[PDB]
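Report on the structure
Chain by chain, the residues run as shown.
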Amino acid sequence: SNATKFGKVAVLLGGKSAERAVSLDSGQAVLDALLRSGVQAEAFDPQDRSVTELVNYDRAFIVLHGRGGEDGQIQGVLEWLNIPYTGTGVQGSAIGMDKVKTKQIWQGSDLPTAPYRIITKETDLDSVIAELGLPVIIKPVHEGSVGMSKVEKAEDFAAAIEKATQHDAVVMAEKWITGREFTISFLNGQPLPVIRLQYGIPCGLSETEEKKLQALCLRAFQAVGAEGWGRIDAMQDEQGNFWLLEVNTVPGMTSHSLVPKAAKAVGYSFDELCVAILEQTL
Amino acid sequence: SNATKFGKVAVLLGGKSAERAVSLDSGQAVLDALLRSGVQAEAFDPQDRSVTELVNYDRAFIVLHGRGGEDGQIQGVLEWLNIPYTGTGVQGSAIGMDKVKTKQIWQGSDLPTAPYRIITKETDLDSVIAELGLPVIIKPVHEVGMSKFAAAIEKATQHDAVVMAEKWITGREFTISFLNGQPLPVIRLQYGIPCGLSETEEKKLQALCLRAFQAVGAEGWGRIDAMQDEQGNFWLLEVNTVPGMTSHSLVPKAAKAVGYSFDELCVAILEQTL
């Protein structure tokens, strides 16, 4: 029985980040699903309950989005307490929360990703323009979809850099590539059917283009050290090339989120998906 | 004052890793220094203590070497307990414990580092030997345990079942220590101040190592090792986010060379936490 198999599970939800509200929604949905499945799940909100009280549990299902939950901190405590848990470890999480460090890992593994430049007051805006070309996208390095602005002149720059400066002291200008954006979800370390972003299955890629994108994303997922489940975002350009965008090591499990979509396209109810995520902890 | 200013401080020492002995040594020295300077420091060894006790301190001086203190685990627990602490945060520490991820990020920031292949059992060497060139230096990714290859691969798998082979290079090994984010005088190794490096080649290496230190997310204090080859080009080797503070340790050398007693070093490191 699932009560035996998993013992006491803590569903880690809410937390201290900007994304707390989304995390409460993921958490509730995951809790209800695990309970329907006969697992002994309990909400654990580390904003209200000391993380030392995790010692009362046999394992953790992490659905804390953003700062605290996705950046290696909560995984740090879980390692320290010797409690197994879902998703990526400390290293991968802390890399995955940083767009530039993720891309350097990707540049460093012979995987395609768009040129970029870190931009911090001191940097010269015409040395950026001449190297990258127009247009570019300005994004906060650490938010791990907020603060983004599209820059198509010298004029567009100064307003975009203060969009991102709210969310981050450190900001990257990345070369714009024209095309369509996709998300590739992961379950038990492997790629699930791709989803075009903006519904989005069918995604608009030939069987061939798709399985090639999934292979590429598998390697991106491994490179950065992600485990279990998560999403890689990618671009296809108007000449057919793929470009890796970013990694997400604790995706949404809200009723509008994309990983449930992709898991359902291959047989998983939402409750089955939740058991399968938790099975990584055995 | 100082008793007032820093409050109750926990010296994180000892622990459960292979480097425990060295940590105990670093820990006893830091505790002694802090206590001489009037700060209310107390030893906190995780082997004898409960995590729930960290909440009794206003700040922590981390001198836990290896697994636990150097890979972000303890940093994670302190972030969540809201305990300010010395040195590098979760990310920098997690990356710094890993020679390849560190070198990857360095490649990616256009900083010099020697070629390498990851090399585990069930891969053929002739791919590696062809690509890097003999001679070559195997080493565990996540920690010495080194050598200079059918048998040397299992000496690494003692420590870590993933190993890296690095293009060996002829030259002089250095280490460049950091305090309050800024680099300190450099030290040759196999004394080592003077290092044997012109004032001008010294500032070049420091400003480079500063960038390598920054690029990896490291903060406050630490060490970057580097090499200079026969033609005078520096190659970065690795980063260390919780260096020794034993009586033979390099960071105390480097800081004495610029006017810090061991005791003023310790206080200066603790000042990162305000």
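Residues numbered from 1 in each chain as written, not as in the entry; some residues may be left out. Chains lettered and ligands numbered in written order. Heavy atoms only, no water.

- Judging from the entry metadata, X-ray crystallography is the method by which this structure was determined, and 2.19 Å is the reported resolution.

**Some points on the sheet that holds strand β3 (residues 59-62) of chain A**
Residues and elements named next belong to chain A.
- The strand order across the open sheet formed by three strands is β2-β1-β3, and the pairing between neighbours is parallel. Two strands lie at the open edges of the sheet, namely β2 (40-44) and β3, each paired on one side alone. Strand-to-strand, the axes of this sheet are offset by a mean angle of 30°, without reference to chain direction.
- Here strand β1 (residues 8-12) runs beside β3; their pairing, made up of four bridges, is parallel. By the bridge assignment, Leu12 is partnered in β3 with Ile62. (Pairing = 2+ DSSP bridges. Helix = DSSP H or I, 4+ residues; strand = E, 2+ residues; numbered from the N terminus. Axes fitted to C-alpha atoms, helices over the stretch in contact; angles between N-to-C directions.)

**Some words on the interface of chain A and chain B**
- Contact residues are listed per partner, giving 32 residues for chain A and 31 residues for chain B.
- A buried area of about 2300 Å², summed over both sides, lies between chain A and chain B, and 66% of it is on carbon and sulfur atoms.
- Among the residues of chain A in contact with chain B, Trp80(A), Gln91(A) and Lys101(A) are the three that bury the most area, contributing 31% of the side total.
- Our enumeration of links across chain A and chain B arrives at zero salt bridges.
- Linking chain A to chain B there are eleven residue pairs in polar contact.
- Top element by residues in the side of chain A that touches chain B is helix α3 (residues 73-81) of chain A. It accounts for seven residues. (Contact = heavy atoms within 4.5 Å. Buried area = accessible area lost by both parts, 1.4 Å probe. Salt bridge = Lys/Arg side-chain N within 4 Å of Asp/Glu carboxyl O. Polar contact = N/O pair within 3.5 Å; in protein donor to acceptor, adjacent residues only side chain to side chain.)

**Describing the domain arrangement of chain A**
Residues and elements named next belong to chain A.
- What the domain assignment lists for chain A is domain 1 (1-86), domain 2 (87-112 + 178-282) and domain 3 (113-177).
- Each partner contributes residues to the interface: domain 1 has 32 residues there, and domain 2 has 25 residues.
- Summing both sides of the interface, domain 1 and domain 2 together bury roughly 2200 Å²; the carbon and sulfur share of this comes to 69%.
- Summed over the three residues of domain 1 that lose the most area to domain 2, namely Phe6, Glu70 and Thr86, the buried surface amounts to 26% of that side.
- Counting the contacts that link domain 1 with domain 2 gives two salt bridges.
- The partner of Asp271 in a salt bridge is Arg36, and the shortest N-O contact between them spans 2.9 Å.
- Linking domain 1 with domain 2 are six residue pairs in polar contact.
- Elements with a minimum of two residues in the side of domain 1 that touches domain 2: α1 (2-6), α2 (20-36), β3 and α3.
- A per-element tally of the side of domain 1 that touches domain 2 places α2 first, with eight residues.
- In the side of domain 1 that touches domain 2, the residues fall into 15 nonpolar, nine polar and eight charged. (Domains from an automatic or database assignment. Nonpolar A, V, L, I, M, F, W, Y, C, P; charged D, E, K, R; others polar.)

**Digging into the packing of helix α5 (residues 99-107) of chain A against helix α5 (residues 99-108) of chain B**
- One way to put it is that α5(A) packs onto α5(B) with a least axis distance of 8 Å and a crossing angle of 95°. Viewed along their axes, α5(A) and α5(B) adopt a mutual orientation that is roughly perpendicular. Touching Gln104(A), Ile105(A) and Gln107(A) of α5(A) are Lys101(B), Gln104(B), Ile105(B) and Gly108(B), all from α5(B).
- Tallied by class, residues from the contact of α5(A) with α5(B) come to two nonpolar, four polar and one charged. (Parallel < 35°, antiparallel > 145°, perpendicular 65-115°, else oblique.)

**Side note on the sheet that holds strand β1 (residues 8-12) of chain B**
Residue and element names in this part refer to chain B.
- One open sheet holds the three strands; their spatial order is β2-β1-β3, and the pairing between them is parallel. Either end of the sheet is taken by a strand with one partner, and the two such strands are β2 (40-44) and β3 (59-62). The sheet shows a mean angle of 30° between the axes of neighbouring strands, direction not considered.
- Note: β1 against β2, five bridges, orientation parallel. Paired with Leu12 across the two strands is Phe44, which belongs to β2.

**So, helix α8 (residues 199-215) of chain B**
Residues and elements named next belong to chain B.
- Compared with the 24 Å implied by 1.5 Å per residue over 17 residues, the 24 Å span of α8 between its first and last C-alpha is a close match.
- Residues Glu202, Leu205, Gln206, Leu208, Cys209, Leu210, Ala212, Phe213 and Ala215 constitute the buried set of α8.
- Looking one or two places after α8, you find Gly217, whose phi comes out positive at around 85°. (Expected span 1.5 Å × (residues − 1). Buried < 20%, exposed > 50% of the residue type's maximum accessible area, 1.4 Å probe, protein only.)

**Points about the domain arrangement of chain B**
All names here are of chain B.
- If you check the domain split of chain B, you get domain 1 (1-86), domain 2 (87-112 + 170-274) and domain 3 (113-169).
- Between domain 1 and domain 2, the residue contacts involve 32 residues of the former and 25 residues of the latter.
- It is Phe6, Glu70 and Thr86 that lose the most area in domain 1 upon contact with domain 2, and together they represent 26% of the buried surface on that side.
- On inspection of domain 1 and its partner domain 2, the count reaches two salt bridges.
- Here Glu271 makes a salt bridge to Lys5, at a shortest N to O gap of 3.4 Å.
- Taken together, the connections running from domain 1 to domain 2 amount to five residue pairs in polar contact.
- Looking at the side of domain 1 that touches domain 2, the element that brings in the most residues is helix α2 (residues 20-36), giving eight residues.

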